[PDB]
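Visitor: Test case, fold it:
(6 chains)
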Amino acid sequence: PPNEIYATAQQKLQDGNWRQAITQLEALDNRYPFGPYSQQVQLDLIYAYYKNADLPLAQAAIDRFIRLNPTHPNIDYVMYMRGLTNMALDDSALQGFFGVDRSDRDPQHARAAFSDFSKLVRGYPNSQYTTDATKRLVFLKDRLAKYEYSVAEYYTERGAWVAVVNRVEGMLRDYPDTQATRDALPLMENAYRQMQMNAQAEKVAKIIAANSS
Amino acid sequence: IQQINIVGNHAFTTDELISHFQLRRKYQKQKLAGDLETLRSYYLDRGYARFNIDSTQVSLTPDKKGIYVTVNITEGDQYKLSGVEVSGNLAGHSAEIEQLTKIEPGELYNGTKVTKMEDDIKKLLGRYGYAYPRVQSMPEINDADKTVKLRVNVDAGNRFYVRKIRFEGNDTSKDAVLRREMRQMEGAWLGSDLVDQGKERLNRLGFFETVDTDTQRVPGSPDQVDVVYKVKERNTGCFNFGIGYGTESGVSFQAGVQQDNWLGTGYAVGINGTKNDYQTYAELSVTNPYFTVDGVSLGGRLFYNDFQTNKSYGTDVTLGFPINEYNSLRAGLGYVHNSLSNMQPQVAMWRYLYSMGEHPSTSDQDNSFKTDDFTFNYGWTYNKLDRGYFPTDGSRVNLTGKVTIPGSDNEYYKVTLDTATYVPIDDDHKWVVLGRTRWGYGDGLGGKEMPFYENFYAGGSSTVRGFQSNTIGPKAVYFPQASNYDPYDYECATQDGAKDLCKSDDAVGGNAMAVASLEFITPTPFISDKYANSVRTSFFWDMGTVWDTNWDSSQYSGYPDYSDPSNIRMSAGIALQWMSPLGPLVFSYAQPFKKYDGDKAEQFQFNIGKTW
Amino acid sequence: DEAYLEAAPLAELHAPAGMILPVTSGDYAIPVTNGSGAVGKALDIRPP
Amino acid sequence: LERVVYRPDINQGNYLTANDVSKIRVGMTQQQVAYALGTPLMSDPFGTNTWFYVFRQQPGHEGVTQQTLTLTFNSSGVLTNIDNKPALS
Amino acid sequence: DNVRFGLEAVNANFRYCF
Amino acid sequence: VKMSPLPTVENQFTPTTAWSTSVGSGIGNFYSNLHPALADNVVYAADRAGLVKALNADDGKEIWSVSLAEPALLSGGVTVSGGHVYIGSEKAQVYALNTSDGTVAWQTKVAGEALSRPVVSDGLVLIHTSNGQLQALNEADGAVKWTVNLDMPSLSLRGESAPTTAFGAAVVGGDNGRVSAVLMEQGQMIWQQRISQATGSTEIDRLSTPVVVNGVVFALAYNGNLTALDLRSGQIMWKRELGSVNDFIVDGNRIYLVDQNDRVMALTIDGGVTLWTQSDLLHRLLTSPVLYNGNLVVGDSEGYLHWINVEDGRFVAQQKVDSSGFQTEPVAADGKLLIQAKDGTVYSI
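Guide: Residues are numbered from 1 along each chain as shown, chains lettered A, B, ... in the order given. Provided below are the atomic coordinates:
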């Protein structure tokens, strides 16, 4: 019966081997695809996939769950798990033994995760995960601002002074509240000096001074 | 397919036109459309301005025992081109349009030439920045004189600028790695030739399986484009080590690492070494392909070794930089320690040592010799290959050498040249032909000879396939003082077993070498995609030779003359090169055709590749 | 991991008198949070 | 090294030509100017309603050449001042 | 994942690729 | 897929085999209804490669021959009428030979392969081609008097059945399941009607020969349907859901059919009534039957001839002639039964 398979899966999930838990969940998914716990089993599969870093399966299971029950009373839990799932793809494990700065790696995953957490926070203002999502949103905004910063430095070194001006203006409009913008700001003044555009260089100096400490 | 019948075709016979048909069987699945368009081009490219296919039929035999294919062809006369008039919104480039448009009077009408003209116009405009021109060609057919007049409607549109350049799929490599290979700068006009070079450049590094590009229109403005590159990174480098124990060796181990891309930072590094009861080896190699923004490179290496007899170690640092989009220069300095002991008397070795000023007693192995020399090295390269690991076109040349400087003990020079050329065989690159050659020569200066440990060797998959590694060439001649291995030694070395000077099978290397091969690279349709996509095989003929300069064939009248360069060795066979996910692997089978005494063969060979 | 919790606080910048800053994007906006919810290792992320 | 280190050519900014610069007149609207010249790649984001057109080229081993055009518009989008700096000081 | 190892006189080795 | 049984049959009478002679390479796998013809005690036959011979019908002796293979891909069958011999080709050419001298009198283009048997009407030669265009040529020189154009699906190698005429008009058709009458002087279409329809016709053949019996024209449809039609209208008198497109004969007010699976059936002419069926030759490819000396004669790809009792389907004799097999129909003419093997060997039985 599903009660004993479920109990076994739960015992292994709480404290036990993750392969045994996934085996029991697969047994439930194949043996009782329409039972009273089929959604609890699907949620357990998603959770286990996160635990096991089987990220493509957590994502597929999440999309299937959403299509099957987009109105589930606690679907915001699933969206939260989705947000957790996407952040795990930005930091490679190998990089963790040397202290490699990942700011210069593909930020596309961070943007997707940001979007899902934003949707979670906006749709469920009384969610119990609000502070965690908030801290993550701050982290991700800083991550993207750093990416833009590094691109601006590369072009500054090469001499593509126009690319630098437009890249920094972008940073000024999209991430006005983080450190990367304050650090990039000194780059604008030089860009306006290699090209003889002093009317703006003085304006940059005034902005730098206004927010200096 | 019992037959194909052409009804009413008098200009050409069936075989001439059928030779271009591919559906020559069951379940053709309407592939015939490809053949009909081919037939149209055949006629449309030959001036038959009025050629038209009116109908086709496919008929089945009773019980589906065969298929009958018939085509109804209407033929016209041959037309010649009378001239071309081009008008429209052309951005002043009238001379280039006239130059590409101009045809030779009387030239046979050819629809393909018209299409080619359109493509050249589009490429020209793309070069200037007109990313999306509209060009519409049309014929005017004059039956009165059997000529076709052409008109082309050209619309250059406007100039486009690139707003941003973004990359996707670079999960491991640092973003700076890809921007360095772009020639198109942001905030500048979109010359189309500059983007394609960037696409090609990312395949020159050899860090990616594929490079895709796009030129997407910006939804907020008709004149801006976002250029996006997508890459799929492949495994780059591996780490290995090992150890074991037994009564034949005690304990020994080896380890090392090599990567072409270190943690995604663009540096090329590698470390390896080994230690056992008789030999010590270590190597450190670090290089930075981009020391400076413009691509000045720096690198060097350290090594140490010994053998239980000789000992050596040394260091070198090399600087290099480009001097145009396809050429670069390198130069550097280094130091090598060379200390010998317990040297087995040899004629070549002792002639060298006597020229160096040594005076060992005859057949005395209780000796040593050591020098410490400072040298300078240099080289020149060319590389226009269109691929990283499986080249399909272009060629590569690598000319290098080194010289001694005042203060050294040895005086010598060495020059080597590595070349290869890839030429496609098939229009779709199914078959490829590969040519390969290697040449080298060196000698001493001021009356001295090159140290024997710098000689050239050949054999193994790196030179001439089918022969044992470092076995092609002249063999050692040993002198007949004392040896305690007589009971365990060479017949020509022992003072008791031999009383004269005679030849043995030990190769000593030479002062010049030549290696060449020709390979026909074939597709592997009998291997599924899982494996076939990373492996190629080829049929080949290998030849080469090694010989000794400053060989005193007059004194050694009873032995072969090692100075004769004409004793060319030749072999041929089939090789396989597979870019395994765990590191490319190579092996081959080949048999000799021309051999001399001592030319030990190894018809089947296997080694780890990652070369070329 | 809890490393995400060490991110520095964010704070808006101001313009000097006589100038205006570029108009910001409405994207990546964060609602004001009232402090409800645990963080890091203090959260139970198992299914209900 | 700096004499011989090959530098690929660098382009920056929009493309300007005398044939088009001579076409701009006081009284034209922002749409007419952008149409005649193309969308500018630079502007002053800090309130002032002005556009910049900077034509910059650096051929390798040769030097920097720059044609600078500055267009100042009022609050109604009417061009008020045309600058022209054919060379850097 | 994408590894090879074993134990064999006694001999052992290990390989890891990126 | 299917096994071809060979029933044991006594070779009763040991039917006379007067002679055999080689005429060429034959058909091979280039299937066409390239039957021989006999006229004026002369047997007319040609090799597909373009080799045309005239032979003495008594002993097989060749009396005249011409080779047109400058390969001519001759096809459609040798039609002999009046003073001329008419042979078609897949080159869309028609060659008209004299009967006293087989030198080519003229040839003209017919806009398609002549994959059928030409016939002669009142001074006109009726040619059907693979493109659905039917033409009437002037027998004096091959000039076209009029043309009509029919359409077709891209399905089968079923050449239009040879025209059969009555009342000044020919019954024609093609692989559409359509039967129509065309006026011989002008080419004017009089009426058209379909025999049967099904959605299975996407792959199932519809129509290749019409016969005129007692003022009634009979035709068969491949997709399971036999019909009795009027001569002056597209009027069906009766139909039976049974049919194939092999040539057939009618005599004694009995319909002698060859099915799609080689069943031999004897039917009446006043309705869909079957008198007997012989299943013994099922899945053994047969040629069309003829009636000779009171018995039906068919052959197969094996090389055997079979004599079937016109009364009840009983076999009379079985004798092997040529192991290469038969594809084309036998010819019953001048009181003698001729057959030509798939290979280019002519026999006199």
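Visitor: Could you look up the SS state of residue D:36?
Guide: Three-state assignment for residue D:36 (DSSP: H, G, I helix; E, B strand; the rest coil): helix.
Visitor: So for it, what's the nearest residue that isn't a sequence neighbour?
Guide: residue D:23 (5.4 Å; CB to CB, 6 or more residues apart in numbering or on different chains). Where you see a C-beta, it was placed from the backbone N, CA and C, and this is true even at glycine.
Visitor: Was I right to think that neighbour contacts residue D:32?
Guide: No: between residue D:23 and residue D:32 there is no contact under CB atoms under 8 Å: 9.8 Å.
Visitor: which residue ends up closest to the midpoint of chain F in space?
Guide: Nearest to the geometric centre of chain F sits residue F:247, at 5.5 Å (CA atoms, centre = their mean).
Visitor: List the contacts of that one.
Guide: By CB atoms under 8 Å, 6 or more residues apart in numbering or on different chains, the residues touching residue F:247 are F:33, F:208, F:209, F:288, F:329.
Visitor: how about a cut-off of 6 Å?
Guide: By CB atoms under 6 Å, 6 or more residues apart in numbering or on different chains, the residues touching residue F:247 are F:209, F:288, F:329.
Visitor: what sits against the closest residue in space to it that isn't next to it in sequence?
Guide: Counting by CB to CB, 6+ apart, the nearest residue to residue F:247 once its immediate chain neighbours are dropped is residue F:288, at 3.6 Å. Taking CB under 6 Å, 6+ apart, we find residue F:288 in contact with F:246, F:247, F:329.
Visitor: Need the three-state assignment for the second one.
Guide: Secondary structure assignment for residue F:247 (three-state DSSP): coil.
Visitor: secondary structure element for the one residue in chain A that gets nearest to chain F?
Guide: Closest to chain F within chain A is residue A:67: 37.6 Å, counting by CB to the nearest CB. Using DSSP states H and E, residue A:67 falls within helix A:55-68.
Visitor: Check residue B:139 too.
Guide: Residue B:139 belongs to strand B:134-142, assigned by DSSP H and E.
Visitor: quick one: strands adjacent to the next helix or strand after that strand?
Guide: Next helix or strand after strand B:134-142 toward the C-terminus (DSSP H and E): strand B:147-155. In the sheet, strand B:147-155 lines up against strand B:80-89 (parallel), strand B:134-142 (antiparallel) (DSSP bridges).
Visitor: quick one: which of those strands is nearest residue A:109?
Guide: strand B:134-142 (39.6 Å; CB to CB).
Visitor: Can you list the buried residues in the closest one?
Guide: Neighbour-count burial for strand B:134-142 flags B:135, B:137 (criterion: 16 or more other CB atoms under 10 Å in any protein chain shown).
Visitor: swap in stretch B:599-606?
Guide: Buried residues in stretch B:599-606, counted by 16+ other CB under 10 Å: B:599, B:602, B:605.
Visitor: Tell me the one among those residues nearest to chain D.
Guide: Once CB to the nearest CB is applied, the member of these that ends up nearest chain D is residue B:605, at 41.2 Å.
Visitor: wait, the closest one sits on residue B:461?
Guide: Yes: applying CB atoms under 6 Å as the test, residue B:605 and residue B:461 come out as touching, 5.3 Å apart.
Visitor: Surely residue D:31 is in a strand?
Guide: No: according to three-state DSSP, residue D:31 belongs to no strand; its state is helix.
Visitor: quick one: it from residue B:217, how far?
Guide: Distance from residue D:31 to residue B:217, counting by CB to CB, to the nearest Å: 20 Å.
Visitor: what ranges do the helices span in the chain?
Guide: Using chain A here. A:2-14, A:18-31, A:38-51, A:55-68, A:75-87, A:108-123, A:130-158, A:161-174, A:179-194, A:198-210 (DSSP state H).
Visitor: out of the ones you listed, nearest to residue B:568?
Guide: Nearest of the helices of chain A (CB to CB): helix A:130-158, 52.7 Å.
Visitor: quick revisit: neighbour count: residue D:31 and residue B:217, which is higher?
Guide: The neighbour comparison of residue D:31 against residue B:217 (other CB atoms under 10 Å in any protein chain shown) goes to residue B:217, with 14 against 9.
Visitor: For the residue lying closest to the more buried one once chain neighbours are set aside, give me its contacts.
Guide: Residue nearest to residue B:217 in three dimensions, not counting chain neighbours: residue B:225, with 6.2 Å by CB to CB, 6+ apart. If you count contacts by CB under 6 Å, 6+ apart, residue B:225 has them with B:160, B:162, B:190, B:215.
Visitor: Take those and write them to CSV, including distance to residue B:436 and neighbour count.
Guide: Putting these into CSV (distance: CB to CB, whole Å; neighbours: other CB atoms under 10 Å in any protein chain shown) gives the following:
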residue, distance to residue B:436, neighbour count
B:160, 44, 24
B:162, 41, 23
B:190, 40, 22
B:215, 38, 16
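Visitor: and of those, the nearest to residue B:55?
Guide: residue B:215 (41.8 Å).
Visitor: next helix or strand past the helix or strand harbouring the closest one?
Guide: Secondary structure assignment for residue B:215, by DSSP H and E: strand B:208-217. Using DSSP H and E, the helix or strand that follows strand B:208-217 in sequence is strand B:224-233.
Visitor: That next one vs strand B:208-217, what angle?
Guide: Calculated by axes from the mean of the first three to the mean of the last three CA atoms, to 10 degrees, strand B:224-233 forms an angle of 170 degrees with strand B:208-217.
Visitor: top helix in chain B by residue count?
Guide: Per DSSP H, chain B has its longest helix at helix B:111-128.
Visitor: tell me what that one is packed against?
Guide: Applying 3 or more CB pairs under 6 Å, 6 or more residues apart in numbering or on different chains; DSSP states H and E, one finds that helix B:111-128 contacts strand B:134-142, helix B:192-201.
Visitor: now with 7 Å?
Guide: Applying 3 or more CB pairs under 7 Å, 6 or more residues apart in numbering or on different chains; DSSP states H and E, one finds that helix B:111-128 contacts helix B:32-44, helix B:94-101, strand B:134-142, helix B:192-201.
Visitor: List the buried residues in the first one.
Guide: So the one you mean is helix B:32-44. B:32, B:35, B:39, B:41, B:43, B:44.
Visitor: TSV please, covering those residues and showing distance to residue F:282.
Guide: Formatted as TSV, those follow (distance: CB to CB, whole Å):
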residue	distance to residue F:282
B:32	36
B:35	40
B:39	44
B:41	50
B:43	50
B:44	53
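Visitor: element containing the residue located most distally from the centre of chain C, please.
Guide: Taking CA atoms, centre = their mean, the residue of chain C most remote from its mean C-alpha position is residue C:18, at 29.2 Å. Using DSSP H and E, no element contains residue C:18; it sits outside every helix and strand.
Visitor: Tell me how far it lies from residue B:271.
Guide: 60 Å.
Visitor: do residue B:358 as well
Guide: Counting by CB to CB - residue B:358 and residue B:271 are separated by 37 Å.
Visitor: Point me to the helix or strand that includes residue B:23.
Guide: Counting by DSSP H and E, residue B:23 is found in no helix or strand.
Visitor: To what extent is it buried, counted in neighbours?
Guide: 16.
Visitor: Let me know whether it touches residue B:32 as I believe.
Guide: Yes: counting by CB atoms under 7 Å, residue B:32 is a contact partner of residue B:23 at 5.8 Å.
Visitor: ok, what's across the strand from residue F:306?
Guide: residue F:298, residue F:318.
Visitor: Next: residue B:58.
Guide: residue B:69.
Visitor: Tell me how many other residues crowd it.
Guide: Considering only other CB under 10 Å, residue B:58 is surrounded by 17 other residues.
Visitor: from what I can see it touches residue B:64, true?
Guide: No: Residue B:58 is not in contact with residue B:64 according to CB under 7 Å; the separation is 12.0 Å.
Visitor: Chain C: which of the buried residues of stretch B:599-606 is nearest?
Guide: Nearest to chain C among these, with distances taken as CB to the nearest CB, is residue B:605, at 49.9 Å.
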